[PDB]
Amino acid sequence: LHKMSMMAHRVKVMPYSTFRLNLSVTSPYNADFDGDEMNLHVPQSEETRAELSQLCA
Amino acid sequence: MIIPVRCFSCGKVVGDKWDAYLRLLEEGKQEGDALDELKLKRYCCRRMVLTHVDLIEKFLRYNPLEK
Amino acid sequence: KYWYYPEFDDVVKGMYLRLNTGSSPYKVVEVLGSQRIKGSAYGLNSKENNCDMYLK
Amino acid sequence: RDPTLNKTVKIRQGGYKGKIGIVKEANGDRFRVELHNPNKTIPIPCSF
Amino acid sequence: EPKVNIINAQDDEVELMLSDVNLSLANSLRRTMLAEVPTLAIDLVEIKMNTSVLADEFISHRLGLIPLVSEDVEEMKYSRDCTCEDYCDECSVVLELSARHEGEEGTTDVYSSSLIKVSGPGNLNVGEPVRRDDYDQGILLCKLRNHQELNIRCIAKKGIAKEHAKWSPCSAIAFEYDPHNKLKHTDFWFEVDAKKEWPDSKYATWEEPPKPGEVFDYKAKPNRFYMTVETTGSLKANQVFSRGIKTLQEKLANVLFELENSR
Amino acid sequence: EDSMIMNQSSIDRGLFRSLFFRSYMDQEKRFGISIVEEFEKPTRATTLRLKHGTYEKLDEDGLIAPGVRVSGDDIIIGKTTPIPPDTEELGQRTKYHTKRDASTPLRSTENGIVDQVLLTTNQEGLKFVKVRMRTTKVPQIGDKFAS
Amino acid sequence: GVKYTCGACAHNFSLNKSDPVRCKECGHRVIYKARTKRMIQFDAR
Amino acid sequence: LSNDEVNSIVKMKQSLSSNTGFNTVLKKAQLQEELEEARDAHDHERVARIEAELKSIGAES
Amino acid sequence: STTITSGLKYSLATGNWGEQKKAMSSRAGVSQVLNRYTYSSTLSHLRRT
Amino acid sequence: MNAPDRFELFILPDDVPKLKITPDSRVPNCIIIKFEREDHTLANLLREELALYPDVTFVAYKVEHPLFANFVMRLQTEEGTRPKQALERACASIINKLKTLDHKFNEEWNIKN
RNA sequence: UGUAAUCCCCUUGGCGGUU
Ligand SMILES: [Mg+2]
Ligand SMILES: [Zn+2]
Ligand SMILES: [Zn+2]
Ligand SMILES: [Zn+2]
């Protein structure tokens, strides 16, 4: 709905099969943990990585 | 399907008390008294025997697939 | 285990076996032959053991 | 041509002693064996 | 300085009171008894034939949960620490089960008494499934009708309840201290009066209730702990308590050795 | 936020554990007077464009047997369709591709034990098989529960 | 070469990839394969 | 034993036995269908025989 | 005999309540696959409007 | 699928040390101890034992994440005492307490047997 | 020295899940 629905996080590799979020960011995403799913997109370049870390963080 | 070996919550072995429980209920004892006579104090254990549904008696009625 | 064999008829011929007289003192009888009897199916060992071979 | 590929194998050492599996990958000195007991595939040295 | 006082004693449960110990020590002892005392349990099932209505892994899960006598499990070695190829008699116990129904009518029950110990460590009292009495049939494993057969070979290994709950010797450890709430460690929810709305603790008679004019004592600490240890029959209650203490001692000694060897 | 904490020891003792079955179907199609599909274990020599999975779990009749553990992309049904031969009969010692693979692989994300294999004939008189796979699903982080 | 079991009478037999799919005694049209001879092992967990 | 001998022993057992469990269900179902056909034709004579046969065959446990 | 047989079988199999060549403009979804996830779901599906 | 092996809770890899000690230079005479394959059972015992020593001025521990079996402990003693000696004294004292507890329980059990 | 394999519809329809 708004531009806070896409934000760039830092990866931390963990066991088990679910994405894990700090609960403070569940408000901008309008998400809760009753079955919601979220999408992850990986940048493929140095320029794109810099854009993500400097603009959408 | 068949009486669980261990109570889910604590881990007491309740799998050896199904036949005794049925025998006690046969003699007219109430369910609470039957569970008390088997020394099931915690209600976590009591729900295991009280709410078990025995479905294997229905699966066994089908003719075996081999002989 | 072996009554239904085609050769069992000659195999059982002349054999000596313990027999229940019924009328029980067990005794020995000599097999003069065998004769299949239709409609005389009988339990041999269990309920499913339906046999129609007969021993004379 | 990796004669032990697609052959039943048993593990004799490590944390999976005595588990039956089937060899899937045989690059070298590190064999990928799927386990019959859980639904997973693990690497394992040839000596094991 | 520490003291132990036993209230009730049985083969399967002991009710005792600890005193002059810290709350942390009692809780660590409870945790160790719950999840760090080694026992013996079935860990591999080789199913040679299973024509029963239950799934193979259903029966395997049921078998793993059957308690086995683990009295001499200290002499036994861990499977991963045994240099023997495959499994030897010093790191595994082999049990075998064979059940069959004869006749074309009726239903046969498969009990844990049918588990027969085939091989194991020499002269060690381990591996036999636990039986309440000599005439106790045991845990119901399966049911069979005509022409259904179950033929399996099970291998029992040594482990702890951290890895899987089937190796836990205890069922439930009741733990309790300060029945009269003199330390004010809990605040009692109420509607009208908190004193008459809350049931008395089962050990309330073991401690003197606070006097009406008594002031709060800020210098007091929990000092007496009441705990009941129930076992599944694989280990006796005294054995569970003593082996929990020994396991805690071994853990602390390992830490001490690591510290001393670090320099 | 609607999550919940579950007891691991209760899960170990069988709480909310369940059983999962999936069935696969396949049948021999008839394309003409003598163009039929065949259930068989295809060979790397006589067939072309084989699946990247493994065919070593198939029996002589091209069907897996119950009790065999299977993984993703494994071949549980072996089927081939005839293809008009090429000019490879020039100098190939019978090792020329006459059939094309139409095998059924197990789903990539699934694995389990082959539970029961059914073989019969369809309405048209051709062969017709059904393979049922069984696995156990234990509760874990992310599974959905409800009162 | 490979065993089979009838779906009604549970009679074991075998087929040679050319016989009609049928039970040889009772004529049932549905047959099942027999269990594999390999070793089956489970982790009991 | 040979294959032919096995087939003969099968034919011996099948011609000996009056019964096979699954097939008794099929005969009773066929008899019920024939009985309803006779009922729809208002044949009061055939239906009595079919009822007697069904009574004789039935009474399971 | 193929006319009625194929028409009934097609309409019950696909759910389009009409002739096969008039699939458009026909009422769809009349016939559905029975839900067998659990007993209550089947009972609910059999009493749906 | 992604579930780790259960034995990783207590089985120590060869390359991972059981006990890593690093000084904390922000305050004098302080060390940070990282225990591997341990949990609240050992940590709480050690912490509450050390909290009673007059020469230990700060002791604490935390488990960073429940899905990883390790904990980190912060210890900080007086000027005279090296912290590692205090840790060793705590371990030995708890061992003696457990030993006398076992002896007394055995005596009581034999009496009431 | 006998040397191992790389590929997948489409259109409709229904039923669901997260808002
Ligand atoms: Mg939601
Ligand atoms: Zn319980
Ligand atoms: Zn060994
Ligand atoms: Zn048959």
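Draft legend 1. Main features of the overall build of chain F. Helix and strand counts for chain F come out as 1 helix and 10 strands. For chain F, the succession of helices and strands along the chain, N to C, is α-β-β-β-β-β-β-β-β-β-β. The C-alpha radius of gyration of chain F comes to 21 Å, more than 25% above the 15 Å expected for a compact globule of 147 residues. With the principal axes as the frame, chain F shows a C-alpha extent of 70 × 35 × 30 Å. Looking at chain F as a whole, 39% of its 147 residues are labelled buried. For chain F, contacts bridging at least 24 residues in sequence account for 61% of all contacts bridging at least 6. Looking at chain F as shown, the accessible area adds up to about 8400 Å², and 48% of this sits on carbon and sulfur atoms.

Draft legend 2. Representation of the arrangement of the chains in the model. If you rank the 17 pairs of chains in contact by how many contacts each has, first place goes to chains E and J. Between chain C and chain J there is no contact, and the shortest C-alpha to C-alpha distance separating them is 51 Å.

Draft legend 3. View of the interface of chain J and chain E. Between chain J and chain E, the contact holds 39 residues from the first and 42 residues from the second. In terms of surface lost to chain E, no three residues of chain J exceed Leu101(J), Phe105(J) and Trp109(J), which account for 18% of the buried area on that side. Taken together, the connections running from chain J to chain E amount to 3 salt bridges. The closest approach of N and O atoms between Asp39(J) and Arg31(E), which form a salt bridge, is 3.3 Å. Applying the counting criterion to the chain J and chain E interface returns 6 residue pairs in polar contact. Elements with a minimum of two residues in the side of chain J that touches chain E: β1 (19-23), α1 (40-50) and α2 (83-112) of chain J. With 18 residues, the single largest contributor to the side of chain J that touches chain E is α2(J). For the side of chain J that touches chain E, the per-class residue count stands at 19 nonpolar, 5 polar and 15 charged.

Draft legend 4. Layout of the interface of chain G and chain D. With 6 residues of chain G in contact, the opposing surface of chain D contributes 7 residues. Contact between chain G and chain D buries roughly 560 Å² in total, counting both sides, with carbon and sulfur atoms accounting for 49%. Considering only the side of chain G, the residues that lose the most area to chain D are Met39(G), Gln41(G) and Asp43(G), jointly responsible for 76% of the buried surface there. Viewed at the interface, chain D and chain G are joined by 0 salt bridges.

Draft legend 5. Fine view of the coordination of the zinc ion (ligand 2). Residues and elements named next belong to chain B. Coordination of the zinc ion (ligand 2) by the protein involves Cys-7 (SG), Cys-10 (SG), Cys-44 (SG) and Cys-45 (SG), with metal-donor separations of 2.3 Å. Around the zinc ion (ligand 2), the 4 donor atoms are arranged such that angles at the metal cover 101 to 114°; this shape is classified as tetrahedral. One chain supplies every donor to the zinc ion (ligand 2), and in sequence these donors are spaced C-x2-C-x33-C-C. Of this pair, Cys-10 sits in the segment before α1 (18-26) while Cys-45 sits in helix α3 (residues 43-50), and the two are 35 residues apart along the sequence. According to the relative accessible area criterion, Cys-10 is buried, its value standing at 9%. Overall, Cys-45 belongs to the buried group, its relative accessible area being 1%.

Draft legend 6. Quick look at the sheet that holds strand β4 (residues 41-42) of chain G. Strand order in the open sheet formed by 5 strands is β7(E)-β5(E)-β10(E)-β3(E)-β4(G), with antiparallel pairing between adjacent strands. The open sheet has two edge strands with one neighbour each: β7 (116-119) of chain E together with β4 of chain G. Strand contacts of helix α2 (residues 56-64) of chain E: β3 (39-50) and β10 (149-159) of chain E together with β4 of chain G, with the helix running at about 155° to β3(E), the strand carrying the most contacts.

Draft legend 7. Layout of the protein's contact with RNA strand K. The environment of RNA strand K is made up of 13 residues, and the closest members are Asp34(A), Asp36(A), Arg44(F), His52(F) and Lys144(F). Restricting attention to atoms of RNA strand K within 4 Å of the protein, one finds that 58% of them are sugar or phosphate atoms. A distance of 3.2 Å separates a base nitrogen of RNA strand K from a polar atom in the backbone of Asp2(D). Residue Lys51(F) places a side-chain N or O atom 3.2 Å away from a base nitrogen belonging to RNA strand K. Of the residues in the surface near RNA strand K, the class split is 1 nonpolar, 3 polar and 9 charged.

Draft legend 8. Examining the packing of helix α3 (residues 237-262) of chain E against α1(J) more closely. Between α3(E) and α1(J), the shortest axis-to-axis distance is 11 Å and the interhelical angle comes to 75°. Judged on the interaxial angle alone, α1(J) and α3(E) are roughly perpendicular. Of the residues in α1(J), those in contact with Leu248(E), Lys251(E), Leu252(E) and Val255(E) of α3(E) are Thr41(J), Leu42(J), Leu45(J) and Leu46(J). Among the residues forming the contact of α3(E) with α1(J), the class breakdown is 6 nonpolar, 1 polar and 1 charged.

Draft legend 9. Up close: the coordination of the zinc ion (ligand 4). Residue and element names in this part refer to chain G. Those protein atoms acting as donors to the zinc ion (ligand 4) are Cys-6 (SG), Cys-9 (SG), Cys-23 (SG) and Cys-26 (SG), and they sit at 2.1 to 2.3 Å. What the 4 donor atoms of the zinc ion (ligand 4) show is an angle range of 105 to 113° at the metal, which sorts the shape as tetrahedral. Read from N- to C-terminus, the donor residues coordinating the zinc ion (ligand 4) fall into the pattern C-x2-C-x13-C-x2-C. Here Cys-6 matches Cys-9 in class, with each residue buried.

Draft legend 10. Fine view of the state of the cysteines. Enumeration according to the criterion identifies 0 disulfides over all chains in this entry. For the unlinked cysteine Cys170(E), the closest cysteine sulfur is that of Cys10(B), found at 11 Å. Free of any disulfide, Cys30(J) has its nearest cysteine sulfur in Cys91(J), 17 Å distant.

Draft legend 11. Quick look at the side chain of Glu57(E). Looking at where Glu57(E) falls in the secondary structure, it is placed in helix α2. A residue is classified by how much of its surface remains accessible, and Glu57(E), at 18% relative accessible area, is buried. A distance of 3.4 Å separates the side chain of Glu57(E) from the side chain of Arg134(F), its partner in a polar contact. In terms of polar contacts, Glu57(E) uses its side chain to reach the side chain of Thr136(F), at 2.4 Å. Once you skip the residues sitting within four places of it in the chain, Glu57(E) turns out to touch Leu19(F), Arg134(F), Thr135(F), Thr136(F) and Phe42(G).

Draft legend 12. Structural context of α1(B). Residues and elements named next belong to chain B. For α1, every residue scored as buried is listed here: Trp-18, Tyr-21 and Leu-24. All buried residues of α1 project into a common sector of 125° when viewed along the axis, lining one side. The outward face of α1, more than 90 degrees from its buried face, is lined by the exposed residues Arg-23 and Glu-26. Count one or two residues on from α1 and you reach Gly-28, which has phi positive near 95°.

Draft legend 13. Representation of the nonpolar core in the model. With 51 residues, the main nonpolar core has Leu16(E), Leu18(E), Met33(E), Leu252(E), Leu46(J) and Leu50(J) as its most contacted residues. For this core, the element with the highest residue contribution is α2(J), accounting for 10 residues. Residues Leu40(E), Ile59(E), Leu63(E) and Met76(E) belong to the second largest nonpolar core, which totals 37 residues.

Draft legend 14. Just the packing of aromatic side chains, in detail. Going through the model one piece at a time under the given rule, you end up with 18 aromatic pairs over all chains. Arranged with centres 5.5 Å apart and planes meeting at 25°, the rings of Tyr4(C) and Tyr5(C) form a pair that is stacked. Look at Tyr203(E) and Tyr226(E): their rings are 4.6 Å apart centre to centre, the planes differ by 15°, and that puts the pair in the stacked class. Of the two residues, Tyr203(E) is situated in the loop between β11 (170-177) and β12 (224-231) and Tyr226(E) in strand β12; the sequence distance between them amounts to 23 residues. With a relative accessible area of 5%, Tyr203(E) lands in the buried category. Each member of the aromatic cluster is reached from another via a ring pair, and the members are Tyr2(C), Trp3(C), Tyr4(C) and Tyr5(C). The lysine or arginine in question, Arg80(E), covers the ring of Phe7(J), its NZ or CZ lying 4.6 Å from the ring centre.

Draft legend 15. A look at the pattern of salt bridges. Scanning all chains against the criterion turns up 59 salt bridges over all chains. One salt bridge in this structure joins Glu105(E) and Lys47(C), with 3.4 Å as the shortest N-O distance. Taken together, the residues span two chains, with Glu105(E) in the loop between β5 (93-100) and β6 (108-111) and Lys47(C) in the loop between β3 (42-43) and β4 (50-51). Between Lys10(D) and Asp86(E) there is a salt bridge whose closest N-O contact spans 3.3 Å. Of this pair, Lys10(D) sits in strand β1 (residues 8-10) while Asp86(E) is found in the loop between β4 (68-70) and β5, placing the two residues in two different chains. One continuous salt-bridge network, built from bridges that share partners, spans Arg31(E), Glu36(E), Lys162(E), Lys251(E), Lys18(J), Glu38(J) and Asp39(J).

Basis of the calculations
- Sequence-order numbering is used: residues on each chain count from 1 as written, possibly diverging from the entry numbering, and only residues with coordinates are shown.
- To read the labels, note that chains go from A and ligands from 1, taken in the order they are written.
- The displayed chains are a subset of a larger assembly; all values refer to this subset.
- Where side-chain values are given, they derive from all heavy atoms of the structure, hydrogens and water being excluded.
- What counts as a helix is a DSSP run of H or I of at least four residues, what counts as a strand is a run of E of at least two, and both are numbered from the N terminus.
- For the radius of gyration, the atoms used are the C-alpha atoms, and the globule rule reads 2.2 Å times the number of residues raised to 0.38.
- The buried label applies to any residue whose accessible area, calculated with a 1.4 Å probe on protein chains only, is under 20% of its type's maximum; exposed applies above 50%, and partly exposed to all values in between.
- Contact criterion: two residues are considered in contact whenever any of their non-hydrogen atoms come within 4.5 Å of each other.
- Every accessible area reported is derived by Shrake-Rupley at a probe size of 1.4 Å, with residue values counting cover from the shown protein chains alone.
- Note on terms: buried area is the combined drop in 1.4 Å-probe accessible area of two parts once they are placed together, counting the loss on both.
- When a carboxyl oxygen of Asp or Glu is within 4 Å of a side-chain nitrogen of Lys or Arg, the pair counts as a salt bridge.
- Distance and chemistry together define a polar contact, namely a pair of N or O atoms within 3.5 Å, with one atom able to donate a hydrogen and the other to accept it when in protein, and with adjacent residues in sequence counting only for side-chain atoms on both sides.
- The nonpolar class holds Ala, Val, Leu, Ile, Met, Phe, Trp, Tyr, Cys and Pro. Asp, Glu, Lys and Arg form the charged class, and all remaining residues, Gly among them, are polar.
- Metal coordination here is assigned from N, O and S atoms located within 2.8 Å of the ion, or within 3.2 Å for Na, K and Ca; omission of water means that sites may look incomplete.
- Metal sites are grouped by the angles between bound donors: all angles between 85 and 135 degrees with four donors is tetrahedral, opposite donors over 155 degrees apart with the others between 65 and 115 is square planar for four donors and octahedral for six, and any other pattern is irregular.
- Following DSSP output, two strands are said to pair if at least two bridges run between them.
- Each axis is a line fitted through C-alpha atoms, and for a helix only the stretch in contact is used; angles between axes span 0 to 180 degrees, taken between their N-to-C directions.
- A single heavy atom is enough: if one lies within 4 Å of a molecule or strand, its residue is considered near that molecule or strand.
- Angles are sorted into four bins: roughly parallel if under 35 degrees, roughly antiparallel if over 145, roughly perpendicular if 65 to 115, and oblique for all others.
- Sulfur atoms of two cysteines make up a disulfide when they are within 2.5 Å.
- Working definition: the arc comes from the directions between the helix axis and the C-beta atoms, pointing outward to the latter.
- Here, nonpolar core means buried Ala, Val, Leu, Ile, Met, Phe, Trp, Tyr and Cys residues that are tied together by side-chain atoms lying within 4.5 Å of each other.
- Centre distance within 6.5 Å is the pairing criterion for rings of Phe, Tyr and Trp, where only the six-membered ring of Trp is used; planes under 30 degrees apart are then read as stacked, over 60 as edge-to-face, and the remainder as tilted.
- The rule is short: NZ of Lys or CZ of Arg within 6 Å of the ring centre and within 35 degrees of the ring normal puts a charge over the ring.

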